[PDB]
Amino acid sequence: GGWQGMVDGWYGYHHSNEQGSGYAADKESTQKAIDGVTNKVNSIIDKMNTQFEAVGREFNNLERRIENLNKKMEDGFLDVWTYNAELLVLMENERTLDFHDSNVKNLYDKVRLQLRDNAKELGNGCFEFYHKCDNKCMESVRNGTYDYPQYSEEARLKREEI
Amino acid sequence: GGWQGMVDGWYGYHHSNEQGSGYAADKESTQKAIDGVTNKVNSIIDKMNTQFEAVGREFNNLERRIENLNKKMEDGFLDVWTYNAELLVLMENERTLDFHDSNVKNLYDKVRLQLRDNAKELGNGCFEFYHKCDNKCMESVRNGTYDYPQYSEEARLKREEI
Amino acid sequence: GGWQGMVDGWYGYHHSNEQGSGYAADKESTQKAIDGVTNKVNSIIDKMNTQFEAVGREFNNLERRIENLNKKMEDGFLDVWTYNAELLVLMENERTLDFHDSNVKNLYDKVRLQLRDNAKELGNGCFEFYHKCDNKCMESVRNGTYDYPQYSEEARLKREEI
Amino acid sequence: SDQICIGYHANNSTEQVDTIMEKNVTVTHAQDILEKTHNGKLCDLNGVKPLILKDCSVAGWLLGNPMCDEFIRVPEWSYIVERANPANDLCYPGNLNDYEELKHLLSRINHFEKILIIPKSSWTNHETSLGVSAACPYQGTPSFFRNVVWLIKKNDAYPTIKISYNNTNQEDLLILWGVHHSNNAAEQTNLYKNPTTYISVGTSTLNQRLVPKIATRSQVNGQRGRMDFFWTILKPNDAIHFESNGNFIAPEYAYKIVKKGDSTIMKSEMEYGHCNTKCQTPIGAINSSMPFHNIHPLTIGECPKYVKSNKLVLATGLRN
Amino acid sequence: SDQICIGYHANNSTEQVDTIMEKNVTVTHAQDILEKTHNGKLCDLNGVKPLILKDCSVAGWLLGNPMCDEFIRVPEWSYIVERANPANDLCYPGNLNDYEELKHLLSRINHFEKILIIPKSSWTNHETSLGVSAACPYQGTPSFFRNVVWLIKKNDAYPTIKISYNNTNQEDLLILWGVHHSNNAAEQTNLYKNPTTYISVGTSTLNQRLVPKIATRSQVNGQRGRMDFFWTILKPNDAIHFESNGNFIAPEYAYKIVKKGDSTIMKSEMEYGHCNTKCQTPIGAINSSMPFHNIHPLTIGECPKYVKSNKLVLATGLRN
Amino acid sequence: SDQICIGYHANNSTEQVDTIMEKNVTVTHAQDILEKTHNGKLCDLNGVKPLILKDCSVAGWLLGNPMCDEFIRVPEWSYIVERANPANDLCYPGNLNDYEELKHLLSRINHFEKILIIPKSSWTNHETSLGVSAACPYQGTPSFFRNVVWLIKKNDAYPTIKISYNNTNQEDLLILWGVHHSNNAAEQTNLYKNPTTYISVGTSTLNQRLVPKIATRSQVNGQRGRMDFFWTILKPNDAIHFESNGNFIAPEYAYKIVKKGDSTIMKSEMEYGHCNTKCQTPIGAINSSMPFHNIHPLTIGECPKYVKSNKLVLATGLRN
Ligand SMILES: *[C@@H]1O[C@H](CO[C@@H]2O[C@@H](C)[C@@H](O)[C@@H](O)[C@@H]2O)[C@@H](O[C@@H]2O[C@H](CO)[C@@H](O)[C@H](O)[C@H]2NC(C)=O)[C@H](O)[C@H]1NC(C)=O
Ligand SMILES: *[C@@H]1O[C@H](CO[C@@H]2O[C@@H](C)[C@@H](O)[C@@H](O)[C@@H]2O)[C@@H](O[C@@H]2O[C@H](CO)[C@@H](O)[C@H](O)[C@H]2NC(C)=O)[C@H](O)[C@H]1NC(C)=O
Ligand SMILES: *[C@@H]1O[C@H](CO[C@@H]2O[C@@H](C)[C@@H](O)[C@@H](O)[C@@H]2O)[C@@H](O[C@@H]2O[C@H](CO)[C@@H](O)[C@H](O)[C@H]2NC(C)=O)[C@H](O)[C@H]1NC(C)=O
Ligand SMILES: *[C@@H]1O[C@H](CO[C@@H]2O[C@@H](C)[C@@H](O)[C@@H](O)[C@@H]2O)[C@@H](O)[C@H](O)[C@H]1NC(C)=O
Ligand SMILES: *[C@@H]1O[C@H](CO[C@@H]2O[C@@H](C)[C@@H](O)[C@@H](O)[C@@H]2O)[C@@H](O)[C@H](O)[C@H]1NC(C)=O
Ligand SMILES: *[C@@H]1O[C@H](CO[C@@H]2O[C@@H](C)[C@@H](O)[C@@H](O)[C@@H]2O)[C@@H](O)[C@H](O)[C@H]1NC(C)=O
Ligand SMILES: *[C@@H]1O[C@H](CO)[C@@H](O)[C@H](O)[C@H]1NC(C)=O
Ligand SMILES: *[C@@H]1O[C@H](CO)[C@@H](O)[C@H](O)[C@H]1NC(C)=O
Ligand SMILES: *[C@@H]1O[C@H](CO)[C@@H](O)[C@H](O)[C@H]1NC(C)=O
């Protein structure tokens with residue numbers, strides 16, 4: 001599931017320690033997604049070539065064969081654009097959602113790699129520390145500087161307690 | 001490689017313990033893929049707008065310029081639909097196969113998560129337990145309820161022996 | 001970042017040991033990507049159905065309605081092919097780049113699997129050995145034959161040492 | 001030591017599929033979205049039968065070429081099927097004006113009924129039984145188009161015709177008539193007496209004058225003469241006014257017509273197959289929900305999109 | 001015991017979105033790329049106003065049907081708007097030759113100016129004040145098309161007209177004239193004296209000869225006669241040469257015309273809205289950067305691509 | 001401490017590529033699928049040379065305008081190239097009927113051969129050497145179209161012509177003839193004696209009658225007269241029948257024609273470039289396997305799909 005709480009971004013962290021809990025958005029990867037999704041929409045819009053045409057019904061009652069020819073052309077293009085537009089929206093929606101997924105799983109991974117066995121993968125997106133992680137420790141995992149030696153042993157011994 | 005023996009689904013497990021071995025399909029994620037792949041096909045089919053047209057050859061021997069105009073139109077739409085249909089099939093096939101891949105690697109991951117160091121990643125899709133895993137233990141990893149504490153220590157001491 | 005130094009392939013290894021350092025390409029997965037990307041291009045080219053047409057301006061000054069019908073058809077197809085071509089290139093470019101990503105991350109994983117705890121995931125694409133890996137040891141991880149048994153102990157000792 | 005593995009389905013399917021980066025990839029299950037099949041027959045279209053003309057052209061049928069007599073009614077139809085080369089067309093050689101627009105008009109008709117509008121017996125001062133030709137035989141014997149009348153001089157005169165017909169029906173009327181182009185001055189006086197002739201035709205919209213072209217032409221079906229036919233749609237309370245002092249091929253019968261939708265003429269050699277369809281081709285009907293097909297371009301109805309492919313195969317299963 | 005979680009945004013958006021593999025997926029944010037709205041009005045197109053004809057057809061306006069007395073003097077326009085069925089068209093029944101091509105020519109015009117080219121008072125030997133008809137009333141009294149003149153015999157004569165007009169302007173001139181099809185010999189001598197008449201018209205390209213069709217026709221707007229009108233573009237240094245001994249509906253006014261661009265005729269029941277647009281539809285103007293729209297097919301301008309959809313919604317946010 | 005790293009290639013390529021989510025992404029290798037170049041020349045199309053008309057229009061070439069006096073055999077061709085404004089067209093002003101359909105018919109021709117069908121010497125009762133005009137000079141001296149003959153009265157008579165030509169060749173024949181519109185009664189008797197004239201033309205399908213329009217027209221190439229030309233395809237065993245008592249421009253030569261295939265008329269100022277191609281444009285030939293191009297819309301051949309782009313660049317390598 002997602003977090004009604006987190007309001008300052010798209011992807012981020014909830015930290016639960018002694019000093020109280022709270023949410024912090026990951027700025028960089030949130031911006032990456034906003035840029036990318038914004039480019040996607042604009043590309044879909046901006047790549048349309050538009051030109052002047054004047055569409056009417058200029059053929060008379062003894063020019064029905066030609067009028068039919070125009071009908072088949074008009075209907076033809078309507079069928080082409082409808083299918084393309086509908087499928088394009090379907091396919092790019094799939095990708096946009098997968099893109100969010102991939103961004104969140106990259107966050108999770110870069111944390112998982114810092115923590116290693118100093119914490120326990122709960123399997124619901126959360127990490128349960130085998131040690132005491134104050135508000136500066138929390139901040140450190142967030143900016144990629146968490147230092148594994150500092151805590152190994154307090155964890156190595158709360159781990160071999162279970 | 002893949003498994004002839006698994007018949008009741010798309011993705012699943014082969015478990016090898018004391019009580020005998022056997023295959024079991026992961027119901028939930030198999031159903032996900034069936035629904036999805038089914039929706040895909042139907043979307044490709046159902047999004048096509050179909051309309052009444054009457055296509056013949058109504059122009060005479062002194063209306064060959066107009067007949068040529070129809071030819072270019074017909075051939076034009078044939079070119080558009082052929083290229084779109086062929087490429088659409090190519091692209092969606094790539095994705096369907098990548099989707100299966102991703103589903104299987106999510107199964108593997110959610111198991112890897114539960115087991116941790118209580119088992120050894122053989123690196124061929126299989127996990128070698130450092131402990132004794134009966135048919136209820138096996139069933140437990142399958143529905144995501146496997147309990148890590150229960151076995152830590154038996155695994156902790158089978159390790160440093162060899 | 002990517003590596004100016006690697007000249008003989010697309011994905012590979014930089015090895016840093018006593019005898020000096022150097023780059024080597026992974027043959028197999030480089031070839032897989034060249035085949036795939038080559039196929040992609042040829043598919044986008046070869047699926048185009050090409051047919052003979054003669055495009056002129058054969059209508060006179062009292063056949064401007066029909067001429068307009070031809071204009072709308074020509075412009076129509078130009079708008080269709082321009083949009084489809086532009087978007088196709090945009091979309092397939094996204095996928096080609098994601099394909100490279102995925103290939104590199106699979107290399108990394110097949111090494112990660114041979115090494116396990118005999119080395120430390122630095123988290124920048126590099127593995128820091130807990131033991132001494134000469135040019136033949138290095139060559140061995142490259143062709144997938146690295147022998148974990150040989151080195152377990154020396155690594156165990158150097159790991160517990162911190 | 002116990003093992004659990006993760007894996008996936010496999011079977012002995014040989015189905016193959018292409019991908020943008022890979023060819024000839026064997027998969028577990030697959031689905032083709034190209035319609036390749038049809039029922040080999042000509043069918044009704046959404047419940048209404050076609051007009052199948054057989055050995056007649058639309059012109060021969062309409063004018064009543066005596067090799068087409070066969071006049072069973074279809075009072076409505078959804079499309080017309082004509083052979084590539086109907087044998088019976090304009091038995092007496094010539095033309096039908098705006099023929100292709102006429103055929104397009106008649107391609108789909110909601111109500112069609114032949115009625116007598118000017119009886120033969122009404123021509124008291126002209127010959128009505130001598131306008132037949134070896135070019136229009138009925139069982140070896142000379143005859144003529146059955147829906148119009150080739151009027152000839154009587155005694156040695158052709159008084160100037162002035163008649164009108166009011167459409168007192170509730171439906172539009174398709175009316176046809178013609179001009180006879182004679183071959184020379186002698187034939188002209190022989191058939192019509194008056195050397196210099198004309199036909200005038202007027203309605204609320206029509207304002208026509210036809211003049212014979214008396215000249216030398218090649219033989220067709222044994223004849224150097226020609227007959228040029230013309231038509232109009234006479235609206236429900238309008239009248240048509242004819243005037244001629246010769247060379248006039250007069251309406252006898254005409255057709256109540258109700259229009260509604262549009263279709264086209266299908267060229268096929270097939271016969272009716274007592275079937276129904278949403279999508280007809282000249283080699284058979286298509287019954288499909290698939291988005292694409294490769295059967296034939298000349299379809300009538302609501303069809304999949306025509307393409308140049310053998311095969312559009314989507315993977316549904318896994319690599320095998 | 002201390003915990004860090006990784007997560008993502010959520011909100012109380014109900015926006016839904018389809019995917020190729022999933023339907024009805026609720027998301028955080030979404031954007032519809034289908035233009036569904038329009039301003040309900042008829043507008044200028046790129047700064048230039050349409051010619052809005054109201055209850056007149058282009059023909060009635062051009063020839064000056066006297067119920068088209070509303071000549072606000074638009075010297076240029078970008079498109080023409082006609083009602084589905086203008087009430088005022090050819091008050092005196094008949095035809096305008098090549099009418100559809102003419103309309104297409106006049107659909108967009110860079111400069112248009114009515115000028116007198118042959119004054120009424122120039123016709124010394126023919127009657128210029130008797131060619132009026134109850135079919136063309138003004139203020140309930142009989143009248144006639146105001147831009148051409150229905151010449152009648154004077155004293156008991158119609159001497160043969162031979163006139164020419166040289167286009168000394170710097171612009172092309174659209175010129176119109178007509179032939180009157182009388183109903184019988186008595187009416188013919190009554191109006192024109194001469195029984196057998198013609199009109200010849202010549203320019204550097206035109207070589208025309210018109211002959212009246214004196215015949216019986218149905219009544220339209222109270223009349224059995226007909227008038228067939230014809231036109232030409234007389235180039236800046238060319239002259240047009242008229243010759244007739246009867247049944248001639250002569251130019252009086254004509255139009256300086258400068259062309260430049262093409263458009264078409266829009267059928268709409270709506271009203272000018274003192275607005276400007278790039279894209280006009282017959283039910284309103286579109287003001288959009290979206291790539292698609294579903295408003296109406298009969299657009300004039302640069303429009304998004306017309307499609308059959310209610311909704312084209314792209315996900316921008318996350319699953320919710 | 002020993003290290004092994006996994007990474008990827010890089011180089012000093014500046015090639016850039018866009019993505020749906022990112023622009024201006026530098027990559028290692030790239031491939032443009034848009035064809036942007038052409039060879040600057042007019043070429044044969046699949047081994048057959050075009051018909052390059054230079055300063056003549058198709059009409060002038062066909063009728064033999066004496067400024068086109070270059071009648072070389074090209075017995076087959078794949079397309080026709082005309083300049084935007086050929087200087088030599090109808091030297092004597094007038095028209096060629098159905099001209100555009102004729103050009104379309106002649107756009108691509110499998111066998112074409114000029115043959116003499118009615119030698120000049122065969123006209124024993126008419127003048128064959130006086131139908132020449134300053135409008136059609138040859139060597140500065142008055143002449144005329146070389147493939148047809150402007151017959152004039154001889155002594156002071158123009159007896160009625162009745163001739164026929166049977167196509168005894170194995171190929172269709174393109175035949176042309178015309179009518180002269182004289183300027184007034186005096187000129188009419190001066191040239192043809194007979195004041196009231198006609199031309200009749202008959203085949204198995206053709207049934208034509210032409211009548212001169214004796215009227216006042218503007219001067220073109222010094223002449224107020226006009227000549228209206230007509231044509232037909234006379235099938236292998238048919239005959240054509242001409243009859244006239246004046247104003248007849250008779251066939252002399254005609255053309256054996258074999259069809260097989262369609263093309264169109266290309267407008268280009270370029271000359272032949274002694275090259276071959278599958279895809280011709282008016283500014284040069286395209287030689288490419290690419291699926292798209294942006295060179296020119298008016299192509300003849302099998303070409304890539306025309307688009308509005310500068311650049312269609314696919315990434316092949318990695319981010320750089
Ligand atoms: C064409 O015919 C109609 C109908 O004619 C009437 O009904 C006949 C069966 C017969 O009994 C006739 O004598 C009748 O006149 C004409 O319509 C009538 O005529 C005018 C309308 O133009 C008007 O006086 C009547 O109300 C009409 N009556 C009905 C019942 O329609 C019609 O005018 C004729 N058309 C032409 C072009 O002459
Ligand atoms: C149409 O008229 C032009 C204009 O010429 C003149 O000015 C007129 C108002 C009138 O007074 C004429 O008599 C004048 O000649 C003609 O233009 C002339 O072209 C001819 C050459 O053919 C020459 O006599 C004059 O010098 C030209 N003058 C100009 C200003 O061009 C033109 O020929 C007339 N065309 C026809 C078809 O009658
Ligand atoms: C066009 O001519 C052919 C051939 O006619 C014959 O050979 C010519 C060179 C000439 O000398 C003629 O007199 C010959 O008759 C016609 O076809 C022939 O028609 C004849 C006459 O009835 C017929 O008996 C033969 O079977 C045909 N002969 C051949 C060799 O085919 C043809 O009909 C003429 N066409 C027209 C429309 O008049
Ligand atoms: C791909 O395969 C094509 C023919 O495949 C045949 O049909 C299927 C159903 C299989 O059962 C297989 O055994 C058959 O041979 C070839 O035309 C084509 O060359 C092949 N592709 C490549 C890259 O070689
Ligand atoms: C999907 O939803 C369709 C209509 O959507 C309706 O409007 C949205 C905004 C919601 O309020 C939703 O609950 C409403 O039903 C249904 O009619 C349709 O059957 C649904 N289809 C599927 C396959 O779920
Ligand atoms: C994207 O790039 C365009 C073209 O790039 C040009 O060539 C490369 C190698 C660079 O040197 C670049 O500076 C050159 O101008 C630009 O012209 C365009 O403005 C750029 N667009 C964006 C959105 O950055
Ligand atoms: C078309 O095929 C379907 C599916 O097999 C069948 O049940 C249906 O009756 C057919 N429709 C018609 C119109 O024949
Ligand atoms: C279209 O909409 C804008 C803003 O929505 C408004 O101010 C105006 O009516 C229109 N703008 C133009 C350029 O026509
Ligand atoms: C087009 O280009 C090739 C390769 O540059 C050249 O050798 C030849 O002129 C052309 N080839 C073909 C097959 O048309």
# chains A, B, ... in the order shown; residues from 1 in each chain; ligands from 1
$ select_by_dssp --residues "stretch 128-300 of chain E" --states "helix (DSSP H, G or I)" --output "PyMOL selection string"
chain E and resi 185-192
$ write_last_selection --atoms "C-alpha atoms" --output "mmCIF file, in the first residue's frame"
data_model
loop_
_atom_site.group_PDB
_atom_site.id
_atom_site.type_symbol
_atom_site.label_atom_id
_atom_site.label_comp_id
_atom_site.auth_asym_id
_atom_site.auth_seq_id
_atom_site.Cartn_x
_atom_site.Cartn_y
_atom_site.Cartn_z
ATOM 1 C CA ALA E 185 -43.726 29.699 -79.342
ATOM 2 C CA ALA E 186 -46.277 32.331 -78.255
ATOM 3 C CA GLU E 187 -44.391 33.251 -75.085
ATOM 4 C CA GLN E 188 -41.156 33.312 -77.113
ATOM 5 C CA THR E 189 -42.460 35.912 -79.615
ATOM 6 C CA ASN E 190 -44.227 37.702 -76.810
ATOM 7 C CA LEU E 191 -40.979 38.278 -74.899
ATOM 8 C CA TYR E 192 -38.330 38.327 -77.615
#
$ interface_residues --of "chain B" --to "chain E" --cutoff "9 Å" --atoms "only C-alpha atoms" --output "JSON, numbers by chain"
{"B": [33, 35, 36, 37, 38, 39, 40, 41, 42, 43, 44, 49]}
$ interface_residues --of "chain C" --to "chain A" --cutoff "9 Å" --atoms "only C-alpha atoms" --output "VMD selection string"
chain C and resid 65 to 66 68 to 69 71 to 73 75 to 80 82 to 84 86 to 87 90 121 to 123 162
$ write_last_selection --atoms "C-alpha atoms" --output "short mmCIF file (atom, residue, chain, number, x, y, z; two decimals), in the first residue's frame"
data_model
loop_
_atom_site.label_atom_id
_atom_site.label_comp_id
_atom_site.auth_asym_id
_atom_site.auth_seq_id
_atom_site.Cartn_x
_atom_site.Cartn_y
_atom_site.Cartn_z
CA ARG C 65 -13.08 19.62 -55.12
CA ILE C 66 -11.44 16.33 -56.08
CA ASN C 68 -8.98 18.95 -52.24
CA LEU C 69 -10.01 15.35 -51.54
CA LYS C 71 -4.95 16.87 -50.47
CA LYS C 72 -6.82 15.75 -47.40
CA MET C 73 -5.77 12.11 -48.07
CA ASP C 75 -1.85 15.24 -45.59
CA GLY C 76 -3.77 12.63 -43.66
CA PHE C 77 -1.23 9.95 -44.28
CA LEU C 78 1.63 12.30 -43.68
CA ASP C 79 0.13 13.15 -40.24
CA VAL C 80 -0.36 9.47 -39.46
CA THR C 82 4.89 11.39 -38.87
CA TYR C 83 3.25 10.80 -35.46
CA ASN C 84 3.73 7.04 -35.57
CA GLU C 86 8.20 9.97 -34.04
CA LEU C 87 6.52 8.16 -31.19
CA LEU C 90 10.78 7.79 -28.69
CA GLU C 121 29.18 -5.57 -2.20
CA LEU C 122 30.59 -2.03 -2.27
CA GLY C 123 27.28 -0.82 -3.81
CA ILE C 162 35.95 -6.72 11.25
#
$ closest_atom_pairs --of "chain D" --to "chain E" --cutoff "8 Å" --atoms "only C-alpha atoms" --output "Markdown table"
| residue | atom | partner | partner_atom | distance |
| --- | --- | --- | --- | --- |
| D:200 | CA | E:215 | CA | 6.5 |
| D:201 | CA | E:216 | CA | 7.6 |
| D:202 | CA | E:217 | CA | 4.4 |
| D:203 | CA | E:218 | CA | 5.1 |
| D:204 | CA | E:218 | CA | 4.7 |
| D:205 | CA | E:94 | CA | 7.6 |
| D:206 | CA | E:217 | CA | 7.9 |
| D:207 | CA | E:217 | CA | 7.2 |
| D:208 | CA | E:213 | CA | 7.7 |
| D:209 | CA | E:213 | CA | 7.0 |
| D:238 | CA | E:218 | CA | 7.0 |
| D:239 | CA | E:218 | CA | 6.4 |
| D:240 | CA | E:217 | CA | 7.3 |
| D:241 | CA | E:216 | CA | 6.0 |
| D:242 | CA | E:216 | CA | 7.8 |
| D:243 | CA | E:215 | CA | 7.8 |
$ write_last_selection --atoms "N, CA, C and O atoms" --output "mmCIF file, in the first residue's frame"
data_model
loop_
_atom_site.group_PDB
_atom_site.id
_atom_site.type_symbol
_atom_site.label_atom_id
_atom_site.label_comp_id
_atom_site.auth_asym_id
_atom_site.auth_seq_id
_atom_site.Cartn_x
_atom_site.Cartn_y
_atom_site.Cartn_z
ATOM 1 N N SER D 200 -38.201 16.126 -76.161
ATOM 2 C CA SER D 200 -38.085 17.038 -75.020
ATOM 3 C C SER D 200 -38.646 16.401 -73.803
ATOM 4 O O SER D 200 -39.702 15.791 -73.862
ATOM 5 N N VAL D 201 -37.955 16.563 -72.673
ATOM 6 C CA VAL D 201 -38.396 15.955 -71.423
ATOM 7 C C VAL D 201 -38.258 16.983 -70.335
ATOM 8 O O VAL D 201 -37.205 17.590 -70.174
ATOM 9 N N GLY D 202 -39.346 17.200 -69.605
ATOM 10 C CA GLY D 202 -39.385 18.185 -68.527
ATOM 11 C C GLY D 202 -40.054 17.655 -67.270
ATOM 12 O O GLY D 202 -41.069 16.959 -67.355
ATOM 13 N N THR D 203 -39.483 17.982 -66.115
ATOM 14 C CA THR D 203 -40.122 17.760 -64.815
ATOM 15 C C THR D 203 -39.987 19.064 -64.004
ATOM 16 O O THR D 203 -39.890 20.142 -64.571
ATOM 17 N N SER D 204 -39.956 18.992 -62.684
ATOM 18 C CA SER D 204 -39.694 20.205 -61.917
ATOM 19 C C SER D 204 -38.222 20.548 -61.899
ATOM 20 O O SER D 204 -37.858 21.694 -61.679
ATOM 21 N N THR D 205 -37.379 19.568 -62.172
ATOM 22 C CA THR D 205 -35.909 19.772 -62.200
ATOM 23 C C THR D 205 -35.263 19.485 -63.553
ATOM 24 O O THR D 205 -34.257 20.088 -63.916
ATOM 25 N N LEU D 206 -35.856 18.565 -64.298
ATOM 26 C CA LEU D 206 -35.273 18.100 -65.537
ATOM 27 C C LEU D 206 -35.692 19.008 -66.673
ATOM 28 O O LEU D 206 -36.833 19.450 -66.758
ATOM 29 N N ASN D 207 -34.769 19.273 -67.571
ATOM 30 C CA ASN D 207 -35.059 20.122 -68.714
ATOM 31 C C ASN D 207 -34.204 19.638 -69.878
ATOM 32 O O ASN D 207 -33.164 20.190 -70.137
ATOM 33 N N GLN D 208 -34.660 18.613 -70.576
ATOM 34 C CA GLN D 208 -33.786 17.877 -71.502
ATOM 35 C C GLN D 208 -34.269 18.026 -72.920
ATOM 36 O O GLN D 208 -35.455 18.045 -73.180
ATOM 37 N N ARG D 209 -33.328 18.056 -73.839
ATOM 38 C CA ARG D 209 -33.649 17.902 -75.240
ATOM 39 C C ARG D 209 -32.698 16.939 -75.946
ATOM 40 O O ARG D 209 -31.489 17.153 -75.943
ATOM 41 N N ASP D 238 -44.819 15.351 -58.547
ATOM 42 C CA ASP D 238 -44.342 15.989 -59.760
ATOM 43 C C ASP D 238 -44.863 15.246 -60.977
ATOM 44 O O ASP D 238 -45.416 14.146 -60.896
ATOM 45 N N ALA D 239 -44.758 15.881 -62.124
ATOM 46 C CA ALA D 239 -45.140 15.242 -63.375
ATOM 47 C C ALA D 239 -43.985 15.391 -64.354
ATOM 48 O O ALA D 239 -43.211 16.345 -64.269
ATOM 49 N N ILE D 240 -43.931 14.459 -65.292
ATOM 50 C CA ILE D 240 -42.939 14.424 -66.329
ATOM 51 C C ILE D 240 -43.624 14.698 -67.657
ATOM 52 O O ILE D 240 -44.687 14.138 -67.936
ATOM 53 N N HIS D 241 -43.012 15.536 -68.484
ATOM 54 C CA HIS D 241 -43.635 15.971 -69.747
ATOM 55 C C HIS D 241 -42.745 15.623 -70.955
ATOM 56 O O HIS D 241 -41.647 16.161 -71.101
ATOM 57 N N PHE D 242 -43.269 14.758 -71.818
ATOM 58 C CA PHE D 242 -42.593 14.288 -72.990
ATOM 59 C C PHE D 242 -43.177 14.960 -74.214
ATOM 60 O O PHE D 242 -44.379 15.130 -74.290
ATOM 61 N N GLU D 243 -42.320 15.277 -75.178
ATOM 62 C CA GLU D 243 -42.727 15.736 -76.465
ATOM 63 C C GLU D 243 -41.723 15.223 -77.499
ATOM 64 O O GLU D 243 -40.505 15.386 -77.338
#
$ closest_residue --among "D:320, D:247, D:288, D:184" --to "ligand 7" --atoms "only C-alpha atoms and all ligand atoms"
D:288
$ residues_near_ligand --ligand "ligand 9" --cutoff "12 Å" --atoms "only C-alpha atoms and all ligand atoms" --output "number ranges by chain"
F: 35, 37-39, 45-47, 275-279, 285-290, 302-303
